[PDB]
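J.: Protein chains in written order, with full-length UniProt numbering: chain E, 25 to 83; chain D, 25 to 83.
Sharing a structure here in structure tokens format.
Number of protein chains: 2
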Amino acid sequence: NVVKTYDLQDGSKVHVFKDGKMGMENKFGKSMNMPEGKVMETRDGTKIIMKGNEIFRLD
Amino acid sequence: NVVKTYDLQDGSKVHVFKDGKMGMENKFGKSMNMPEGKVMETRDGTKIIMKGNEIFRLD
Ligand SMILES: [Cu+2]
Ligand SMILES: [Cu+2]
Numbered sequence: 025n026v027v028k029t030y031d032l033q034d035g036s037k038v039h040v041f042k043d044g045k046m047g048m049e050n051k052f053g054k055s056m057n058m059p060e061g062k063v064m065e066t067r068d069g070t071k072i073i074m075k076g077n078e079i080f081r082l083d
Numbered sequence: 025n026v027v028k029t030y031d032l033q034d035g036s037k038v039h040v041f042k043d044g045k046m047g048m049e050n051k052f053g054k055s056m057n058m059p060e061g062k063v064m065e066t067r068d069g070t071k072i073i074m075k076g077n078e079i080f081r082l083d
């Protein structure tokens with residue numbers, strides 16, 4: 025179902041689904057409200073940001 | 025002097041200069057500030073967004 029998952033510094037995660045949908049979870053796996061316009065950083069140092077339910081990655 | 029250029033669908037351009045500074049030009053070549061927190065569509069399809077003086081690109 026998930027086509028991609030971002031593994032964020034803070035232990036939270038963002039799943040991207042086959043259907044274009046997106047979902048974020050805290051370090052406890054509980055579902056969260058995803059922040060818009062806020063830079064998030066992955067485990068491996070990649071910076072991303074969400075806007076209009078799409079994901080942008082630091083170029 | 026211009027290290028990177030994005031050609032947008034609205035006729036304007038974004039420049040990233042060799043120094044680090046960032047600017048936009050309009051259709052007429054008029055230099056302006058880089059719009060922050062706004063998605064912009066490139067002629068070649070991509071969308072970008074600037075936040076805190078970093079460019080992020082659709083993933
Ligand atoms: Cu999960
Ligand atoms: Cu120019």
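Note that the Cβ used here is the ideal one computed from N, Cα and C, for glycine as well.
1. Mapping DSSP to helix, strand and coil, what is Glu60 (chain E)?
2. Can you list the residues of chain E that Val63 (chain D) reaches, using a CB-CB cut of under 9 Å?
3. Note down, in chain order, every chain B residue with its Cβ under 7 Å from the Cβ of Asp83 (chain E).
4. Run the proximity test for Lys54 (chain D): is its beta-carbon closer than 7 Å to any non-hydrogen atom belonging to ligand 1?
5. If we call anything under 8 Å between Cβ atoms a contact, is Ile79 (chain D) one with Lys75 (chain E)?
6. Note down the Cα distance separating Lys37 (chain D) from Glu65 (chain D), rounded to an integer number of angstroms.
7. For residue 86 (chain D), which residues in the same chain have their Cβ closer than 6 Å to its Cβ, ignoring the five residues on either side in sequence?
8. In the DSSP output, what is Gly47 (chain E) paired with across the bridge?
9. Just checking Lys37 (chain E) against ligand 1 - is the residue's beta carbon closer than 7 Å to any of the ligand's heavy atoms?
T.: From the atom records:
1. It is coil, neither helix nor strand.
2. Correct list: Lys75, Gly76, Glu78, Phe80.
3. As a matter of chain content, chain B is missing from the structure shown, whose protein chains are E and D.
4. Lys54 (chain D): no, Cβ never under 7 Å from ligand 1.
5. Note that the C-beta distance between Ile79 (chain D) and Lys75 (chain E) is not below 8 Å.
6. Distance from the CA of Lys37 (chain D) to the CA of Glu65 (chain D), rounded to the nearest whole angstrom, comes to 11 Å.
7. No answer is possible for residue 86 (chain D): the residues shown for chain D start at 25 and end at 83.
8. Per DSSP, E:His39.
9. Within the cutoff, so yes.
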